[PDB]
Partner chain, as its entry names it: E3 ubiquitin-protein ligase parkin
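A single chain, nothing else alongside it, follows as structure tokens in the form deposited without the partner chain.
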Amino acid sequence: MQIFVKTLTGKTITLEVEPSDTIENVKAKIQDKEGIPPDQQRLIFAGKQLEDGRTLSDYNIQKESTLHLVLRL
């Protein structure tokens, strides 16, 4: 798979993921790229703030889907 993540700073990064990857897992990949703590990370999928425990599959996030990164820091 692949998806896209977005930063208010415009900054659009891509990511590699697995269908069953958790949001905590997506956050871990963001922390790698943007070095931003997962607990200061809030992901939104098409206007929905994603829950750390559920997986990309639950939120029906398929390939090429875009999540917007919001920081609760």
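In this text, the rigid core denotes the largest set of C-alpha atoms whose superposition between the two forms falls within 1.5 Å. Residue numbers count along the first chain shown, from 1. Only residues modelled in both forms are compared.
We do not show the form solved in complex with the partner chain, though everything after this point is about it.
After superposition on the rigid core, the Cα atom of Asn60 is displaced by less than 2 Å between this form and the one not shown. Taking 2 Å as the criterion, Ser20 does not count as shifted between this form and the one not shown: its C-alpha moves by less than this amount when the rigid core is aligned.
Once both forms are overlaid on their core, the sole residue range between this form and the one not shown with Cα shifts reaching 2 Å in three or more consecutive positions is 8-10.
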